[PDB]
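Summary of structural features
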Amino acid sequence: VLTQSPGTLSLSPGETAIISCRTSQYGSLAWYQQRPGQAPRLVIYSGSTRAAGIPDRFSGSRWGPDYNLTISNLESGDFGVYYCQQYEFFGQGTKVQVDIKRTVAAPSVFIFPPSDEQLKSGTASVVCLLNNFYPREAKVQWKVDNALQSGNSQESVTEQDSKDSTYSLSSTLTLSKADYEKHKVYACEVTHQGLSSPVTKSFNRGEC
Amino acid sequence: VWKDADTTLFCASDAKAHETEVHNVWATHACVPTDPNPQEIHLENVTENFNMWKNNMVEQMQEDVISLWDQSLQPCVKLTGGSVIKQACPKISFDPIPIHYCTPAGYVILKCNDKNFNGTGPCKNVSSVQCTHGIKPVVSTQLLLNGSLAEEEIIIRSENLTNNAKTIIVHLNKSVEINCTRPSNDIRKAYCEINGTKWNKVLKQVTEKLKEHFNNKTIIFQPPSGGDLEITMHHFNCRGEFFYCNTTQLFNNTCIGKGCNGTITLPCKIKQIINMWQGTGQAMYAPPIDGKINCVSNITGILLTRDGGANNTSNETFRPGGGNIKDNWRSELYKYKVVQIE
Amino acid sequence: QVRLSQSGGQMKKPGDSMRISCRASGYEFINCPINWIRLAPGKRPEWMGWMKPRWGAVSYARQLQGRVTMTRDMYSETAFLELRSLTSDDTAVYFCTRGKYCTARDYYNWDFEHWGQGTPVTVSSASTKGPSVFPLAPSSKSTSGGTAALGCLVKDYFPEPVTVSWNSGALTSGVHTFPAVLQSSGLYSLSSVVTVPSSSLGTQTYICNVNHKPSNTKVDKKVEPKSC
Ligand SMILES: *[C@@H]1O[C@H](CO)[C@@H](O)[C@H](O)[C@H]1NC(C)=O
Ligand SMILES: *[C@@H]1O[C@H](CO)[C@@H](O)[C@H](O)[C@H]1NC(C)=O
Ligand SMILES: *[C@@H]1O[C@H](CO)[C@@H](O)[C@H](O)[C@H]1NC(C)=O
Ligand SMILES: *[C@@H]1O[C@H](CO)[C@@H](O)[C@H](O)[C@H]1NC(C)=O
Ligand SMILES: *[C@@H]1O[C@H](CO)[C@@H](O)[C@H](O)[C@H]1NC(C)=O
Ligand SMILES: *[C@@H]1O[C@H](CO)[C@@H](O)[C@H](O)[C@H]1NC(C)=O
Ligand SMILES: *[C@@H]1O[C@H](CO)[C@@H](O)[C@H](O)[C@H]1NC(C)=O
Ligand SMILES: *[C@@H]1O[C@H](CO)[C@@H](O)[C@H](O)[C@H]1NC(C)=O
Ligand SMILES: *[C@@H]1O[C@H](CO)[C@@H](O)[C@H](O)[C@H]1NC(C)=O
Ligand SMILES: *[C@@H]1O[C@H](CO)[C@@H](O)[C@H](O)[C@H]1NC(C)=O
């Protein structure tokens, strides 16, 4: 009923955050900010009305069912997670986090087949690594015998590196041993701005 | 020309000077006699907006009924805010009379006569009256008693149905009697009788109306989720005594979707220690009077709340509501609003 | 000035019940409903229900019907929350809230200007389970002109956290230990990786040292190229 997007914004101070929320029903929509380790705060209510204490850099707008919170000239105190709300219903949230700008860097992509030690257990984990890339935005898709995979994968991302300002991501495809021994080609496909084309790293089960 | 406005209304009634009954005594000093030949003017080509949920007439009637009760139903002991007030508490004659509210000079009451008018929005048939109809200041929860019926269909009323915090008033078009009795010779134990055939047919009609407002979802009734006894039970005053009746049987989902065709009897009890609806604390009264205590009332409305939450099921659940006695006056004052002439 | 103060955080086991309090001040307590909202990391905020102080009238969220009870004390102007049959999913920070607009005559419940400071609650088993550690092996041929990636997969442990060092902390450059993910089984897993020169694969020994204080587990694992 309330669909907030995007999940994450990675921005520098001074830039503008644009956070949207689509509702399936018109009514008074409110926006909340939750700073780290602090209680949520009313930012906007009734779509565009600013709560007391909220500077005019925050502004709410609406186009049809789409409500937007735009935060201009981002300051330190603006980062955190934002939520849209309608009655008792809330959006999934939008995490606005500090990003330090650097040149684009394509990820170094590696894939790791399941250990033979793990295959004795009955489960198979295939790991794909995306190393030292920028910007944060990246997509990883798993393919097993050229079939797109959904719901059997989990990702994890590092904090932006203090030194080289890059990110690194790890995706894990998880299959039963039986299911794993059914197929041959295991591949993960990485799309990222630094790549002129999506890059696929793959291995064929059984052969070294 | 006129405009919406708020002013100090006055009261009219047919209170008897010889009557020792409480509502009569109050209205004698607070109100004027009624007009034998009232004047109603139907307005053609006139469309007005109404809002029963923002009608300050309700506020003034509330003040009155509070004043009436404070100056009449004095407890033996009044427990409020940490202190104790021990007064005299003789038994009283208690039977609500009709009360008319009227506008002073320069003002007038607009009345909405759309037969299917739901409480808010525009009205086509607008008439101009000086006073409202006679409204009995019946204080109760869950069920509206002795009120006026809806002319045509059963009307659903809410400030906003999509807001689960807003009370729903169900306005019936056919009344169902509720016959409450404390027999002679446990003195505090009592009961209410309701015709199961008539009620369940009405209740079924109610769910059918509710379907029209909730996308043909399954309409389920449930007992109150919690709160004080005054709201988790059908609370009302009959002949001075404070009744608490259990309405679980009244909202039998089985009977609205065989065998419940019979007499519904609700378990009630007369409590001497009550929570004051005027909004203070607890009040203690004398034990009930001897002999048969009996009140037969018209159930003319129902107070409901609707369940909410981040669910996804295709059934809406409703529970008996009330507690905000202002809503009681809203249900009778819904078709009126005050306007000032120029 | 409107204030809502909540009781302190607590920890619970699955199956327990919990009660928390919210003391209100700075306004006429009976005029407005008090709400309970819980925030868990990576989940939508969840409205649990409201309570109107006048009669203690309550409205519980459908999915919590039966497990939750909201009460109030009029004198101490304190609202109370109770949640029974706790499980892992109940782990969250619990807030009481009240609407911005509240007069003696009217209110709007849902614009939550006023929040209590929050009451963190953790529900978890007292049981611990040490990690399984599997090597993430480099590659087949040693490309003497590039760098290789290796690491170890630290799977199925409970609870948090585990730490990973390489070669007893001697190897730090190029190391990436990822934040753990919570698996469907209710157990955690993470990976630690490091990039090294490919030319050093038949010379240098690489060992990941996994530490899991709750299960009192320290395990070293040697990550070497597969032989075929
Ligand atoms: C219902 O609520 C919305 C906002 O939630 C408000 O704009 C609208 O005026 C309300 N409707 C009525 C009839 O009060
Ligand atoms: C208004 O009055 C006219 C004239 O009797 C009637 O036909 C019409 O049904 C009325 N409108 C409503 C909404 O009741
Ligand atoms: C009452 O009628 C108005 C005007 O048509 C409409 O906007 C509102 O939703 C209705 N309310 C109910 C409870 O049916
Ligand atoms: C109850 O309803 C009947 C008809 O339904 C009516 O004649 C009677 O006057 C009503 N009693 C009241 C309003 O007290
Ligand atoms: C009351 O209204 C319902 C529709 O809500 C209708 O089916 C029924 O016939 C009405 N009863 C009357 C007018 O006596
Ligand atoms: C109400 O019920 C009593 C028995 O409980 C019965 O004697 C009496 O006749 C009933 N009154 C009416 C008006 O039906
Ligand atoms: C209930 O009301 C019906 C009329 O709708 C009547 O025929 C029946 O006798 C009543 N039941 C009892 C037990 O009096
Ligand atoms: C009402 O009566 C039913 C009958 O079993 C009982 O279960 C319920 O607890 C009662 N409710 C109250 C509020 O006393
Ligand atoms: C509803 O009616 C059925 C059949 O008469 C009965 O068994 C059941 O107890 C009723 N539910 C109540 C009284 O809550
Ligand atoms: C409803 O009105 C009748 C008289 O018409 C009276 O006997 C009965 O007690 C009233 N009910 C209440 C709850 O006041």
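Residues numbered from 1 in each chain as written, not as in the entry; some residues may be left out. Chains lettered and ligands numbered in written order. Heavy atoms only, no water. Residues with missing side-chain atoms left out of burial classes, pairs and counts.

Structure determination for this PDB entry is given in the record as X-ray crystallography, at a resolution of 2.100 Å.

1. So, the site of ligand 10
Residues and elements named next belong to chain B. Worth spelling out the cut-off: One heavy atom suffices: a residue is near a molecule or strand as soon as one of its heavy atoms comes within 4 Å of it. Counted as a polar contact is a pair of N or O atoms within 3.5 Å, where, for protein atoms, one must be capable of donating a hydrogen and the other of accepting one, and residues adjacent in sequence contribute only when both atoms are in side chains. Accessible surface area values rest on a Shrake-Rupley calculation with a 1.4 Å probe, where residue burial reflects the displayed protein chains alone. Secondary structure elements are defined from DSSP: runs of H or I of at least 4 residues count as helices, runs of E of at least 2 residues count as strands, and each element is numbered from the N terminus. The nonpolar class holds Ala, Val, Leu, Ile, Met, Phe, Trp, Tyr, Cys and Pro. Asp, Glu, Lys and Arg form the charged class, and all remaining residues, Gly among them, are polar.
Taken together, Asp95, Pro96, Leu145, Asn146, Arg239, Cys295, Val296 and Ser297 make up the full set of residues near ligand 10. A distance of 2.9 Å separates an oxygen atom of ligand 10 from a polar atom in the side chain of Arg239. Contact between ligand 10 and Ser297: a nitrogen atom at 2.9 Å from a side-chain N or O atom of the residue. Here ligand 10 has 360 Å² of accessible area as a free molecule, and 73% of this is covered by the chains. Counting residues per element, the shell around ligand 10 draws most heavily on strand β22 (residues 293–306), which supplies three residues. Of the residues contributing to the shell around ligand 10, the split by class is four nonpolar, two polar and two charged.

2. What about helix α3 (residues 196–213) of chain B?
All names here are of chain B. Rules: What a helix is expected to span follows from its residue count: subtract one and scale by 1.5 Å. Buried residues are those whose accessible area, probed at 1.4 Å on protein chains only, stays under 20% of the maximum for their type, while exposed residues exceed 50% and partly exposed ones sit between those limits.
Its 18 residues give α3 an end-to-end C-alpha distance of 26 Å, which sits within 8% of 26 Å, the value for a rise of 1.5 Å per residue. Those residues of α3 that sit buried are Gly196, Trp199, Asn200, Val202, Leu203, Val206, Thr207, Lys209 and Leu210. A side-chain oxygen of the first residue of α3 lies 3.2 Å from the backbone nitrogen of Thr197; this N-cap is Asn195. Positive backbone phi, at 50 degrees, marks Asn215, one or two positions downstream of α3.

3. Overview of the pattern of salt bridges
Definition in use: Here, a salt bridge means any side-chain nitrogen of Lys or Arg that lies within 4 Å of a carboxyl oxygen of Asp or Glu.
Going through the model one piece at a time under the given rule, you end up with 30 salt bridges over all chains. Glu15(A) is the salt-bridge partner of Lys101(A), the closest N and O atoms lying 2.9 Å from each other. With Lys101(A) in the loop between β11 (94–98) and β12 (108–112) and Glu15(A) in the loop between β2 (8–11) and β3 (17–23), this residue pair connects regions lying 86 residues apart in the sequence. For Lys101(A), a relative accessible area of 52% puts it in the exposed group. A salt bridge links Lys337(B) to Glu48(B); the nearest nitrogen and oxygen atoms lie 2.8 Å apart.

4. Here we look at the site of ligand 1
Lining the immediate environment of ligand 1, one finds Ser28(A), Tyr87(A), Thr120(B), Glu159(B) and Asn160(B). Between ligand 1 and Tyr87(A) there is a distance of 3.3 Å, counted from an oxygen atom to a side-chain nitrogen or oxygen. A distance of 3.2 Å is found between an oxygen atom of ligand 1 and a backbone nitrogen or oxygen belonging to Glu159(B). Protein chains shield 49% of the accessible area of ligand 1, which is 360 Å² for the free molecule. Looking at the shell around ligand 1 residue by residue, the classes come out as one nonpolar, three polar and one charged.

5. A closer look at the nonpolar core
Going by this rule: Put simply, buried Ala, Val, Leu, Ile, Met, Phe, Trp, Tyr and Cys residues joined by side-chain atoms within 4.5 Å make one nonpolar core.
If you look at the biggest cluster of nonpolar residues, it comprises 103 residues, and the most contacted ones within it are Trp31(A), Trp69(B), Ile34(C), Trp36(C), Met48(C), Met70(C) and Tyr94(C). Broken down by element, the residue count for this core peaks at six residues, all from helix α2 (residues 57–70) of chain B. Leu210(B), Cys238(B), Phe251(B) and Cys295(B) belong to the second-largest nonpolar core, a separate cluster that totals 39 residues.

6. Focus: the packing of α2(B) against helix α5 (residues 326–333) of chain B
Residue and element names in this part refer to chain B. We count it as follows: For helices, the axis comes from a line fit to the C-alpha atoms of the stretch in contact; other axes are also lines fit to C-alpha atoms, and the angle between any two N-to-C directions lies between 0 and 180 degrees. Roughly parallel covers angles under 35 degrees, roughly antiparallel covers those over 145, roughly perpendicular covers 65 to 115, and oblique covers all other angles. The sense of a crossing depends on the near helix, which, turned anticlockwise from the far helix by less than a right angle, makes the crossing left-handed and, turned clockwise, makes it right-handed. In what follows, residue pairs with any heavy atoms lying within 4.5 Å of each other are defined as contacts.
Following both chains from N to C, one finds α2 and α5 inclined at 125 degrees, their axes separated by 9 Å at the closest point. Accordingly, the angle class assigned to the pair α2 and α5 is oblique. Between α2 and α5 lies a crossing of right-handed hand. Listed contacts from α5 to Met57, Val58, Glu59, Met61, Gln62 and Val65 of α2 are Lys326, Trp329, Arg330 and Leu333.

7. Considering the layout of surface pockets
Unoccupied space between atoms shows up once a probe the size of one water molecule is rolled over them. Stated precisely, the cut-off is as follows: A cavity here means a set of 1 Å grid points, computed over protein atoms only, where a 1.4 Å probe fits but cannot escape. A pocket is an open set with protein on both sides within 12 Å along at least 5 of 7 lines, and lining residues have an atom within 4 Å of a point. Grid points are joined across faces, edges and corners, and a volume is the space filled by probe spheres set on the points.
Empty space within the largest pocket amounts to approximately 1700 Å³. Looking at the lining of the largest pocket, the elements that each hand over two or more residues are β9 (80–86), β11 and β15 (153–157) of chain A together with β9 (92–102), β11 (119–123) and β16 (181–182) of chain C. Top element by residues in the lining of the largest pocket is β15(A). It accounts for four residues. Of the residues in the lining of the largest pocket, the class split is 18 nonpolar, 19 polar and seven charged. Within this model, the second largest pocket holds a volume of roughly 1200 Å³. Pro113(A), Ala137(C), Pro138(C), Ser139(C) and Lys226(C) are the residues nearest the centre of the second largest pocket, which is lined by 41 residues in total. Elements represented by at least two residues in the lining of the second largest pocket include exactly β12, α1 (116–119), β13 (123–133) and β18 (199–204) of chain A together with β13 (147–157) and β19 (217–222) of chain C. Looking at the lining of the second largest pocket element by element, the count peaks at five residues for β12(A).

8. A short note on the side chain of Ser128(B)
Along the chain, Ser128(B) falls in strand β11 (residues 126–129). Look past the residues within four positions of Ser128(B) in its chain and what remains in contact with it is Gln39(B), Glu40(B), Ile41(B), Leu43(B), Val108(B), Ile109(B) and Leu110(B).

9. Quick word on the interface of chain C and chain A
This is how the line gets drawn: Buried area is understood as the total, over both parts, of accessible area removed when two parts are fitted together, assessed with a 1.4 Å probe.
With 40 residues of chain C at the interface, the matching set in chain A holds 40 residues. For the chain C and chain A pair, buried surface summed over both sides reaches about 3500 Å², with 64% attributable to carbon and sulfur atoms. Taken as a group, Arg44(C), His176(C) and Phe178(C) account for 17% of the area that chain C buries against chain A, more than any other trio of residues on that side. Linking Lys221(C) and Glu117(A) is a salt bridge whose minimum nitrogen-to-oxygen distance equals 3.1 Å. For the pair chain C and chain A, the number of links is eleven residue pairs in polar contact. Looking at the side of chain C that touches chain A element by element, the count peaks at six residues for strand β10 (residues 107–115) of chain C. Across the side of chain C that touches chain A, the residue classes tally to 24 nonpolar, eight polar and eight charged.

10. Details of the environment of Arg44(C)
Position of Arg44(C) among the secondary structure elements: in the loop between β4 (34–39) and β5 (46–52). With residues up to four places along the chain from it excluded, the contact list for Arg44(C) reads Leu2(A), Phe90(A), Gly91(A), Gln92(A) and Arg38(C). Looking at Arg44(C), its side chain comes within polar contact range of the main-chain oxygen of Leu2(A), at 2.6 Å.

11. Regarding the packing of aromatic side chains
Applicable threshold: Any two rings among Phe, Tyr and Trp, with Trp reduced to its six-membered ring, count as a pair given centres within 6.5 Å; such a pair is stacked if its planes are under 30 degrees apart, edge-to-face if over 60, and tilted if neither. Only when the NZ of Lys or the CZ of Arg is both within 6 Å of the ring centre and within 35 degrees of the ring normal is a charge said to sit over the ring.
Tallying each qualifying case throughout the model produces 24 aromatic pairs over all chains. Here the aromatic rings of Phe58(A) and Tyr82(A) are separated by 6.5 Å at their centres, their planes lie at 40 degrees, and the arrangement is tilted. Residue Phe58(A) is found in strand β7 (residues 58–63), and its partner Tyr82(A) is found in strand β9; the two are separated by 24 residues along the sequence. Here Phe58(A) matches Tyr82(A) in class, with each residue buried. Ring centres of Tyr134(A) and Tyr167(A) lie 6.3 Å apart, and the angle between their planes is 15 degrees; this geometry places the pair in the stacked category. Pair noted here: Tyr134(A) is in the loop between β13 and β14 (139–144) and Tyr167(A) is in strand β16 (residues 167–176), with a separation of 33 residues, a long-range link. Assigned by exposure class, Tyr134(A) and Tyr167(A) land together as buried. Each member of the aromatic cluster is reached from another via a ring pair, and the members are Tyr32(A), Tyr87(A), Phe90(A), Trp47(C), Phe95(C), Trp110(C), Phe112(C) and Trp115(C). One residue, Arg157(B), lies across the ring of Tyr334(B), its end atom 3.8 Å from the ring centre. Just above the ring of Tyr107(C) sits the side chain of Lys166(B); from NZ or CZ to the centre is 4.4 Å.

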